[PDB]
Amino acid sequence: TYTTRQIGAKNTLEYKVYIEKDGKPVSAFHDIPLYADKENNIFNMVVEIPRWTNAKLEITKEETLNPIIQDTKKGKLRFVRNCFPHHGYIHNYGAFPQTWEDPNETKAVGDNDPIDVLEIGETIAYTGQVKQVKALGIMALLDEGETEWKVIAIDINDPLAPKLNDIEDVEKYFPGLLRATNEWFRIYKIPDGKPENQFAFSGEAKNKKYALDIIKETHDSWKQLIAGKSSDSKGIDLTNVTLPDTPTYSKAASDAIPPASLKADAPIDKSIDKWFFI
């Protein structure tokens, strides 16, 4: 059973969310199996950012057991701005554990992170949630000379999940969502003074087969990383508590995590309310 352990108040520098397995913290990057049901292509998704929120929460590659923390820019908490007609993130946003885009069709290098996941179901997720999802398709975003693969997925518990099997089903049951996704990832950093991003494949979402191939490739890259066999381990903390055949296994790491110290959410500056027309 997966649960979460929160340290600190949300929307602060001290906020951390660890994933627990049966009460014990594990690495959100390394210790959560990619596959919930390998034979049926059911994946575990680690949720970072609930739909319609702004705080840029991410699995932290650099900290032991890779808790989810709010990203920072030169010491300041990072929030995505609201880009009309959108409110914060327009998907439940997260990552597949045990995947890694090694930075060494899109002609842009890996981004050094787990593959990104856009979960499109009705229910708003929570930070640190492990949910089970099916892959529907995939887009390739080009941001600052790196490829960021975005897997389109749905919670298998969603009422519509049985009717959604491949990318064409998203156009049928969620008309306009793929267009909104294209627009959002193109423009979401413009309010921060960064350039418009671009998609490979003229913004096309490739199908489930294509998605499964990319997922598998990035899982294979992760296997090389965690075995200590990658060229550059990039200051990624590879500490893990479920993989004893790896050089960075450490059973002790779980008990070293402080107890939950859950505080009320800290206020967010009212500037984050602003709707940008860009």
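Residue positions are given as counts along the sequence shown, with the first one as 1.
S.K.: Can you tell me how many deposited residues have no coordinates between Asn104 and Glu105? The categories are none, 1 to 3, 4 to 9, and 10 or more.
M.R.: Going from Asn104 to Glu105, the model skips 4 to 9 residues of the deposited sequence.
S.K.: Take the C-alpha B-factors listed in the entry for 43-51 and for 245-253, compute each mean, and give the stretch with the larger one.
M.R.: On average, C-alpha B-factors are higher across 245-253.
S.K.: Select between 259-267 and 9-17 the stretch whose C-alpha atoms have the higher average B-factor in the entry.
M.R.: That would be 259-267.
S.K.: Considering every modelled residue of the chain and its Cα B-factor in the PDB entry, is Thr72 in the lowest, middle or highest third?
M.R.: Middle third - that is where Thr72 ends up once the chain's C-alpha B-factors are sorted.
S.K.: Relative to the other modelled residues in the chain, which third contains the C-alpha temperature factor of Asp155: lowest, middle or highest?
M.R.: According to the entry, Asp155 has a C-alpha B-factor in the chain's middle third.
S.K.: Rank-wise, by C-alpha B-factor, drop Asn82 into the lowest, middle or highest third of its chain.
M.R.: Within its chain, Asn82 is a lowest-third residue by C-alpha B-factor, going by the deposited values.
S.K.: Relative to the other modelled residues in the chain, which third contains the C-alpha temperature factor of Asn165: lowest, middle or highest?
M.R.: Answer is highest: the recorded C-alpha B-factor places it there.
S.K.: Rank-wise, by C-alpha B-factor, drop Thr64 into the lowest, middle or highest third of its chain.
M.R.: For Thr64, whose C-alpha B-factor we compare with every modelled residue in the chain, the answer is the middle third.
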